[PDB]
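Engineer: The structure is given below, and queries will be raised subsequently.
All of the numbers you see were taken from the coordinates with simple rules; none came from a lab. Backbone-built Cβ (ideal geometry, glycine too); neighbour counts: all protein chains shown.
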Amino acid sequence: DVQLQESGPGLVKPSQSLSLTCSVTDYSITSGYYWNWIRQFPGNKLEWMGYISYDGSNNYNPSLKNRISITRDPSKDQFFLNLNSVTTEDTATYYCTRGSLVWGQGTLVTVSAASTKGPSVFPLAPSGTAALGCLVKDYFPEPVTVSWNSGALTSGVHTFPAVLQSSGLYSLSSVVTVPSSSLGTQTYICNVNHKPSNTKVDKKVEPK
Amino acid sequence: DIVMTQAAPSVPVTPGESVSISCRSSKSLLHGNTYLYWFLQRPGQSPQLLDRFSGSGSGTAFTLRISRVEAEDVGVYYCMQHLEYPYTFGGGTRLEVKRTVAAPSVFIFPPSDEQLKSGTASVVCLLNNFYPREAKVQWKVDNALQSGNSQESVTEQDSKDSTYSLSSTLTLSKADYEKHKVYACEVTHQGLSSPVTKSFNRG
């Protein structure tokens, strides 16, 4: 069915332009509906930014009207957000939507002068059930995603929220509860993805 | 601009019982029809538009009623006006399930050899699936109480069992790690008759 997929950098420098692409699948953006950009600030506040309609008409939130542009390409089935002269206050998770019903997955854009950095991934090694995990350290900006055994192992998984360390780099752990009898015969690998830097790190977690 | 207000930042509810989330608009949302949407946002996910859920209200005062709340209803509930542009949201209301006490399973993890090549040692204490959210974690290095070099992170309420989990991370230099032997995490929580200590000896 209709899905919306966002792409663009997770990091933009202060005073420069933020650009995001929404790729629409299984629906033509010219056929109907209104195609929105909405953003969520840290702390959960949602703000409607603007739309482009089925016919290419625009409507922008007055708060942004001087800085925003929403454009489209009908033959690639994409529409695009541009926001000029970003400040630290534009750091948000950006969503594209069709009406109110269909949302893209969201992309966090951090406004910062710092460079991207991929994570270091360290095993949390188990010492009837046992917990094990991965310490995911020293990355910027958010987010990482963590899966286990390529998404085959989902139940009993806690992936904690990122905390910004004093160094200016984020850190988190992902843990999973696992049968203690399976520790010698089953393989547990954490798959870490850091989209902002296009880095994937896979780490095998072995008993000590 | 229409302003949308949700006066409760959160609402507690016993599972099986019912709950009301309230929302107000600065300007009437009628034109017979009422231009008010409700969204649920689960942690990590985009907002989703909303038989147990029902909407009611007049032109400036609205109610989302969740009948027989399940553990799976947790998350943040937002109202949105779609009467006039710009569309505007309320600040959201977190639905928190109040369940029975549940004590944490505690686990300790030493620094990995890989990390030790860097000059930093991270020691991790895990507290799984406990209730309520409040818990005390204490670190001791050779029985000396650690201060200022640990950080706690806690998950949002679990969708399945209404619990929380918590990681405590002790950050030390490699040199400081190599000079000491015994590393312990002492956990105090409502469901434990006696504080639980988990520990390891370096190497």
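Engineer: Between A:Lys45 and B:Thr5, how many nm apart are label points set 7 Å from Cα along the C-beta direction?
Structural biologist: Result: 1.6 nm between the two label points.
Engineer: Let me ask something else. Counting only other chains, what is the mean number of Cβ atoms within 10 angstrom of the Cβ of each residue in peptide A:36-48? Could the numbers behind the result be given before it?
Structural biologist: Working: counts 1, 0, 5, 0, 6, 0, 0, 2, 8, 5, 12, 4, 8.
Average per residue, whole number: 4.
Engineer: What average number of partner chain Cβ atoms lie no more than 10 Å from the Cβ of the residues making up B:86-99?
Structural biologist: Neighbouring Cβ atoms belonging to other protein chains average 3 per residue here.
Engineer: On to the next question. If you consider only alpha-carbon coordinates, what radius of gyration and Dmax does the stretch A:63-106 have, in Å?
Structural biologist: In Å, with Rg to one decimal and Dmax whole: 12.2, 34.
Engineer: Rounded to a whole number, what is D in µm²/s for chain B from Stokes-Einstein with the Kirkwood radius over alpha-carbon pairs (4 °C, 1.567 mPa s)?
Structural biologist: Reported coefficient: 65 µm²/s.
Engineer: Still on this structure: Let me confirm one metric for peptide B:42-48, namely the mean number of other chain beta-carbon atoms within 10 Å of its residues' beta-carbons.
Structural biologist: Across B:42-48, the average partner-chain Cβ count within 10 Å equals 5.
Engineer: Starting from the amide H of B:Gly91, placed 1.01 Å from N in the peptide plane, find each other amide H under 5 Å away whose residue is 5 or more places distant or on another chain.
Structural biologist: Close amide H contacts, sequence-distant or interchain: B:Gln6.
Engineer: Scale the Cα Rg of the stretch A:1-119 by the rule-of-thumb value 2.2 N^0.38 Å and send over the ratio, two decimals.
Structural biologist: Scaled against compact globular proteins, the figure is 1.03.
Engineer: Next question, about the same structure. Search the structure for amide H atoms under 5 Å from the amide H of B:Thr120, placed 1.01 Å from N in the peptide plane, and list their residues when 5 or more places away or on another chain.
Structural biologist: B:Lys174
Engineer: Measuring from label point to label point, each 7 Å out along Cα→Cβ, what is the B:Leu192 to A:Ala113 span in nm?
Structural biologist: Taking the two extended label points, one gets 4.5 nm.
Engineer: How far is it, in nm, from the label point at B:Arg202 to the one at A:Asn84 when both lie 7 Å from their Cα along the line to the Cβ?
Structural biologist: 5.8 nm
Engineer: Across the stretch B:153-163, in residue order, what do the Karplus-derived ³J(HN,Hα) couplings come to in whole Hz, using 6.51 cos²θ - 1.76 cosθ + 1.60 with θ = phi - 60° and x for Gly and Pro?
Structural biologist: With coefficients 6.51, -1.76 and 1.60, one gets 10, 10, 6, 6, 4, 4, 5, 9, 10, 6, 9 Hz.
Engineer: Where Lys and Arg each count +1 and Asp and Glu each count -1, what net charge lies around B:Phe107 among other residues with Cβ under 13 Å from its Cβ? Spell out each step's value before the answer.
Structural biologist: Details: positive: A:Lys208, B:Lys198; negative: none.
Once all neighbours under 13 Å are counted, the net charge is +2.
Engineer: Using a 7 Å offset from Cα along Cα-Cβ at A:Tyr27, what residues in the stretch A:87-114 end up with backbone N under 18 Å from the label point?
Structural biologist: Within reach of a label on A:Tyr27: A:95-107.
Engineer: Also: How high is the FRET efficiency from B:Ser28 to B:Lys98, r the C-beta distance, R0 25 Å, rounded to 0.05?
Structural biologist: 0.10
Engineer: Would you list which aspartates and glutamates come within 13 Å of B:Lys181, measuring only between C-alpha atoms, while excluding same-chain residues fewer than 8 positions from it?
Structural biologist: Within the straight-line limit of under 13 Å, B:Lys181 reaches these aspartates and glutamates: B:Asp142.
Engineer: Tabulate in residue order the Karplus-calculated ³J(HN,Hα) for the stretch B:142-150, using 6.51 cos²θ - 1.76 cosθ + 1.60 with θ = phi - 60°, rounded to whole Hz; enter x for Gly and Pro.
Structural biologist: Per-residue couplings from phi come out as 6, 6, 8, 5, 7, 9, x, 10, 10 Hz.
Engineer: Of A:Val2, B:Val74, how do they rank once you tally other Cβ atoms within 10 Å and put the fewest first?
Structural biologist: A:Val2, B:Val74
Engineer: Across the stretch A:97-110, in residue order, what do the Karplus-derived ³J(HN,Hα) couplings come to in whole Hz, using 6.51 cos²θ - 1.76 cosθ + 1.60 with θ = phi - 60° and x for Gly and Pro?
Structural biologist: 9, 9, x, 9, 8, 10, 10, x, 6, x, 9, 7, 10, 9
Engineer: Still on this structure: Quick check: convex hull of the Cα atoms in the protein assembly as shown, volume per residue, rounded to a whole Å³?
Structural biologist: In the protein assembly as shown, the Cα hull volume divided by residue count equals 163 Å³.
Engineer: Calculate for chain B the 222 nm mean residue ellipticity that helices alone would give, adding -39,500 (n - 2.57) per DSSP H run of length 4 or more and normalising by residue count, nearest 500 deg cm²/dmol.
Structural biologist: -1000 deg cm²/dmol
Engineer: If you don't mind, another one. Give me A:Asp138, B:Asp158 sorted ascending by neighbouring Cβ count inside 10 Å, so fewest comes first.
Structural biologist: Taking fewest neighbouring Cβ atoms as first place, the list is A:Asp138, B:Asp158.
Engineer: 5 Å is the cut-off here: which amide hydrogens, built 1.01 Å from N in the peptide plane, fall below it relative to B:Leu36, excluding neighbours closer than 5 in sequence?
Structural biologist: Residues meeting the amide H criterion: B:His82.
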